[PDB]
Structure formats: structure tokens, C-alpha cells
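Comments concern the structure below.
Chains as they are written, first to last, in the entry's author numbering: chain B, 201 to 211, 213 to 320; chain A, 200 to 211, 213 to 325.
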């Protein structure tokens, strides 16, 4: 439901699975891990038909945005090279859900990928 | 080519963006978005998604620099004037030719993620 407030973050670690969908491919999958104690998250997009869109969602810090909402802003990578960025927001009293998006630049073309996951 | 617009490379005037709005179950929506570069404000709307409540207003929000000096917009999503969530956009190209990001819409305690992307259709001063 509501955005998880940064100063209301649950304790420990969480694992998320869900969908990754581009404008022409609704069939990708998201895997994402959050360590609430270390304030860190990372994951990956998989199963999109374009191999280069199956990016690593590189290790990034869990921080507050200007509305005090718990967010993660990180880099997207493919073969260890930076391809763009991703933005995730946490939802629920226990950060049960994550949603946001990722960009992947392929041959000077930017691809926008919607991402969503649940514990 | 395809790089983030640096906040100090922003054009002036106003630009209109048209493009796609796509949820995990509906790839056929449309984005309309206006950026007033002089006032550093943007707003728009999502339309043509089959679920009426997903056709949100992307409320007026500030155009600012992110931590990498990239031009971005973070604002609220609304439907019937009520807040439904938030949206984020990033600007791409040396003249902010494109925008891409996403919007969240909460419907009956369920959060819906909508991918959004647009290209400059019109620019005036």
C-alpha cells in the first residue's frame, strides 16, 4: 500500500521476486535482496528476450527521498559495465513490496524497464 | 547519444513530450508531459490504459539535479485530485530530447507500477 518511511524500516533482510517489463516485453523477472541492517540492496533483471536488458541492479544504498520514503537509487550493469540507473521504492509496514524502474542504454538507445517485486 | 541530460545543459522555453505508458498487464497507454524549462517545472498525464484509475495526472513538480548532476523530476500521481502515489522522470540527450521513468498508482491497497517514456514533440520560447 503506502510508501515505507525510511525511519520506519523493518529489521534484518528481505528477498523479492516479481516482474520486469519493458514497453515491448512484459515477461521479464526481477530478483532483489535488501539488507535492512546494512542499508543496502542489489539484484538483477532476467528473462527479457533482449539479452543486454537482463541487467545487474548493482549494490546501492537504501536512503530517504525528499518525502522521507525509503528508496534505492543505483546503477544498472551488464558484463560489469554501467548501462544506466535504477530507482526502487519500498511499500508496506514491513517493506513487503518494491516497485520502480530501470534504464538500460543499448547502442545509444535508452530502454525503460518497469520493475515490481514482493517478499 | 542516449546520455542523461546534465542539469547545466537544460534548454529554455517549454517542451511537450508524447510517448508510451505501460503497466505489467497493459502496454498500450500514452504519456503526455510538459516541461517548462524556464520555471523548472513539469506536469502531465497518463491516458489510454484499460484500467481507468491508472490514467493518472502526473502533478506539477520541480525539475532539479540528482546526485550525479542529471536533470530529474520527482512528483505526485493523482486521480480525481487525490494523491495515488508518485512518479519519477529523468531527462535524456543534450537538449532533453527524451524523458523516461515510472509512476506508481495505488488502487484498493494494491500498488501498480507504470513505465513511462516520451520524446519531444514540440518546443517553444
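Note that CB positions come from ideal geometry on N, CA and C, so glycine has one too.
Check                                                                                                                                                                               : Outcome
Pair every Cβ in the segment 215–223 of chain B with every Cβ in the segment 273–282 of chain B, then say whether three or more of these pairs are closer than 8 angstroms.         : no
Beta-carbon of residue 248 (chain B) versus every beta-carbon of chain A: anything under 7 angstroms?                                                                               : no
Count the other CB atoms within 10 Å of the CB of residue 210 (chain A); is the residue buried (16 or more) or exposed (fewer)?                                                     : buried
I'd like to confirm the pairing. Which residues does DSSP put opposite residue 241 (chain A) in its beta bridges?                                                                   : A:236 and A:262
Can the beta-carbon of residue 284 (chain B) be found less than 7 angstroms from the beta-carbon of residue 311 (chain B)?                                                          : no
Using a Cβ cut-off of 7 angstroms (strictly closer), state whether residue 300 (chain A) contacts chain B.                                                                          : yes
Following the continuous beta strand (DSSP E) through residue 254 (chain B), name the residue where it begins and the one where it ends.                                            : Taken as a continuous stretch (DSSP letters only), residue 254 (chain B) belongs to no beta strand (DSSP E), as it is neither H nor E.
Nearest to residue 202 (chain B) by CA position, among A:308, A:228 and A:246, is which residue?                                                                                    : A:308
Just to confirm the assignment, what range does the beta strand (DSSP E) spanning residue 292 (chain B) have?                                                                       : 282–292
In angstroms, rounded to a whole number, what distance separates the CA positions of residue 214 (chain B) and residue 256 (chain A)?                                               : 33 angstroms
With distances taken between CB atoms, is the gap from residue 319 (chain B) to residue 298 (chain B) smaller than 7 angstroms?                                                     : yes
Between residue 262 (chain B) and residue 240 (chain B), is the Cβ-Cβ spacing less than 7 angstroms?                                                                                : yes
Can you tell me whether residue 208 (chain A) is helix, strand or coil according to DSSP?                                                                                           : helix
Mind checking which residues open and close the beta strand (DSSP E) that includes residue 323 (chain A)?                                                                           : 310–324
Taking the alpha-carbon positions, what's the residue 246 (chain B) to residue 281 (chain B) distance?                                                                              : 14 angstroms
Identify which residue in A:265, A:313 and A:270 has its Cα closest to the Cα of residue 293 (chain A).                                                                             : A:270
Have a look at the DSSP bridge pairing and note the partners of residue 215 (chain A).                                                                                              : A:235 and A:323
Report the rounded CA-to-CA distance for residue 249 (chain B) versus residue 315 (chain B), giving the unit in angstroms.                                                          : 12 angstroms
Pull up the DSSP beta-bridge partners for residue 274 (chain A), would you.                                                                                                         : A:288
Note down, in chain order, each residue of its chain lying with its Cβ closer than 6 angstroms to the Cβ of residue 208 (chain A), except the 5 sequence neighbours on either side. : 294
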